[PDB]
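# No letters, just coordinates:
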Ligand SMILES: OC[C@H]1O[C@@H]2O[C@H]3[C@H](O)[C@@H](O)[C@@H](O[C@H]4[C@H](O)[C@@H](O)[C@@H](O[C@H]5[C@H](O)[C@@H](O)[C@@H](O[C@H]6[C@H](O)[C@@H](O)[C@@H](O[C@H]7[C@H](O)[C@@H](O)[C@@H](O[C@H]1[C@H](O)[C@H]2O)O[C@@H]7CO)O[C@@H]6CO)O[C@@H]5CO)O[C@@H]4CO)O[C@@H]3CO
Ligand SMILES: [Ca+2]
């Protein structure tokens, strides 16, 4: 075995607790370079003579270059020292520890997880463990009160083609009037983009964090929204824009006024005075040369307590969580304290970050509860929409990501297809409903949290910013109701099948020629196998499935009963068909 390819660290996503007495260890090694992985361990302060405990490390999944092993160490002492035993293809042996490799156990040293403080066991909202979030871009969702419409509001039709400054008049009263719809769909939470006062139509250049934007409503209307949704079993989440502020934010206006005497010059990153005009700014902004969005200095104690107060004010209205916009550009101290503050007010308040790269550092259990799974989106786009990769590359991608973070965080990533920052998925599919559906079928059955972008469930389509921000389609005979009834049924199942919301994932078949992929979700004795024939040509496959985990399954989407004929399963899928096989348990 190529030792230079065996990885593990007594922390991060390879060593962490799932309980005050249970530690999850994971090891990494070159694909097919290691056949068995066992973990010999015991209490740290144990005598050199006592007998070590054993723990078999099942192969959890396989990257495109690695194999991932995973074991669960029972640690009543809440302290532990462990060493890996790695067996080769033919039979070779080797011990893996902190000191290094050695055919001799003792000479390999031993990894140590110093102590398991219950306060550090990565914990997350239970409701968040089985949710189906629906993303709402308020300005375009529904105009329930045309009296607050901005000036210039354009028509509300299927053929609108928005500009970077267009307005259509969607407001919070519309969202309220639409809860019957949202509740019929089955969503269990709504994620709004910025709803706070701002001159723009997207509202990321916040003018006042303490007031809903006039065009959308007023606090009374909001509270009504929160109450109306709650009794409907729908939680609500807001976009926290703490990285930068709109150049209307009182504090910034002051610096623009009082110049050098402003009591807030250190609330921003001013290079020189006086502040500036057009995109030739002289104060640090989000991205590059964006005047309307000066950068907040969350490192400054004053700014921190301000935004924290801002956070206290909205959690007082009963929201259920936050979506941290541009999260990675604001310090960790901030986020840790933010988590403590939030978690104290409401233990079930969800904190989801928005980072477009390895989030490992914000997913240890002391900051975010999760993030947007852009990866899943990249994998799904290229497997179902643009056909740029195949069933096997897909399997690889799903697995590689799936191993990035501690399970707790993994279990909750927001699996989105598209956002208000991208072309709609249907468009990505060149308008191929068949393909689109298969992707949704995967989304509603894969590991994580499904995130539905308003419109998709109905068949909307469009380019990227701002064509993806068209107004919702409400005229029923202008909506894809067959697709809607599809989402409904998946979501129904997802809520009904435990394994889909609380089980794990395991590859079950990857045929790059047939371009058919299949996985299995498991929890307790329940097994739900999803088969995706992602190809435009009926096909038949035989999948391995030992008589132990059941030998008879039932397709949840058709009610067809399938039987295992000696460990094998013969399935025939119509073009692009998918099957939700349930073992009944
Ligand atoms: O006026 C600015 C912008 O404001 C609002 O954007 C939001 C956005 O909706 C949020 O989701 C979020 O997204 C951030 C990410 O959090 C951040 O990490 C980073 O991520 C990368 C982007 O994903 C990537 O595309 C690129 O950004 C480029 C972009 O590709 C360019 O096309 C260009 O974007 C311009 C837009 O085309 C234009 O519509 C407008 O955007 C509004 C937006 O409508 C509104 O929702 O202006 C921008 C120019 O600023 O430039 C950007 C950056 O140069 O690279 C980044 C990281 O390298 O960026 C995205 C946003 O791009 O937060 C933003 C702002 O709060
Ligand atoms: Ca309106």
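Alright, I've got the coordinates. Residues are numbered from 1 along each chain as shown. Ligands and ions are numbered 1, 2, ... in the order given.

# switch to C-alpha atoms for all contacts and neighbour counts from now on
Will do.

# can you give me the helices in the protein?
Assigned by DSSP state H, the chain shows helices spanning 138-141, 172-177, 179-185, 219-230, 250-258, 301-315, 332-345, 374-380, 391-402, 407-410, 425-428, 433-443, 481-496, 498-502.

# What residues does residue 216 make contact with?
Contacts for residue 216 (Cα atoms under 8 Å, 6 or more residues apart in numbering) come out as 138-139, 148, 169-173, 195.

# Please report phi then psi for it.
Geometry field for residue 216 lists phi and psi as phi -100, psi -30, criterion degrees, to the nearest 10.

# Any quick ChimeraX command for the buried ones out of the contacts of residue 216?
Buried residues within these, by 16 or more other Cα atoms under 10 Å, are selected in ChimeraX with:
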select :138,139,169,170,171,172,173,195
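
# can you put the contacts of residue 216 in JSON lines and add distance to ligand 2?
Listed next are the contacts of residue 216 as JSON lines, based on distance: Cα to the ion, whole Å:
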{"residue": "138", "distance to ligand 2": "10"}
{"residue": "139", "distance to ligand 2": "8"}
{"residue": "148", "distance to ligand 2": "5"}
{"residue": "169", "distance to ligand 2": "4"}
{"residue": "170", "distance to ligand 2": "5"}
{"residue": "171", "distance to ligand 2": "5"}
{"residue": "172", "distance to ligand 2": "8"}
{"residue": "173", "distance to ligand 2": "8"}
{"residue": "195", "distance to ligand 2": "13"}
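
# Mind putting the contacts of residue 216 into a markdown table with distance to residue 318?
Below are the contacts of residue 216 laid out as a markdown table (distance: Cα to Cα, whole Å):
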| residue | distance to residue 318 |
| --- | --- |
| 138 | 19 |
| 139 | 22 |
| 148 | 24 |
| 169 | 25 |
| 170 | 22 |
| 171 | 19 |
| 172 | 16 |
| 173 | 18 |
| 195 | 15 |
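
# Report the separation between the residue nearest to residue 274 when sequence neighbours are not counted and residue 106.
Distance criterion Cα to Cα, 6 or more residues apart in numbering; nearest residue to residue 274, sequence neighbours excluded, is residue 259 at 5.7 Å. Between residue 259 and residue 106 the computed distance is 68 Å (Cα to Cα, to the nearest Å).

# Residue 550 now?
Residue 550 sits 43 Å away from residue 106, going by Cα to Cα.

# and if you look at residue 572?
Taking Cα to Cα, one finds residue 572 at 54 Å from residue 106.

# And for residue 576?
Here the criterion is Cα to Cα. By it, residue 576 lies 55 Å from residue 106.

# of these two, who's got more company?
Comparing residue 576 with residue 106 by other Cα atoms under 10 Å, the one with more neighbours is residue 576, at 21 against 14.

# Any idea how many residues pack against residue 302?
For residue 302, the neighbour count with other Cα under 10 Å is 14.

# what's the answer for residue 184, then?
Residue 184, neighbours per other Cα under 10 Å, totals 12.

# what does residue 287 give?
For residue 287, the neighbour count with other Cα under 10 Å is 9.

# do the same with residue 278
A total of 10 residues lie near residue 278 under the criterion other Cα under 10 Å.

# Skipping its backbone neighbours, what lies nearest it in space?
Spatially, and ignoring its direct neighbours in sequence, residue 278 is nearest to residue 291 (6.6 Å; Cα to Cα, 6+ apart).

# Now the one you found: phi and psi?
phi -50, psi -40.

# Closest approach to ligand 2 from the stretch 301-450 of the chain, which residue is it?
In the stretch 301-450 of the chain, the residue that lies nearest ligand 2 is residue 420 (19.5 Å; Cα to the ion).

# Isn't that residue up against residue 465?
Yes - using Cα atoms under 8 Å, residue 420 makes contact with residue 465 at a distance of 6.8 Å.

# Tell me which of these two has more neighbours.
Taking neighbours as other Cα under 10 Å, residue 420 and residue 465 compare with residue 420 leading, 20 against 16.

# Which residues are in contact with the more buried one?
The contact partners of residue 420, taken as Cα under 8 Å, 6+ apart, are 137, 464-466, 468-469.

# Can you pick out the most distant pair from the contacts of residue 216?
Spatially, the most separated pair among the contacts of residue 216 is 148 and 195, at 13.9 Å (Cα to Cα).
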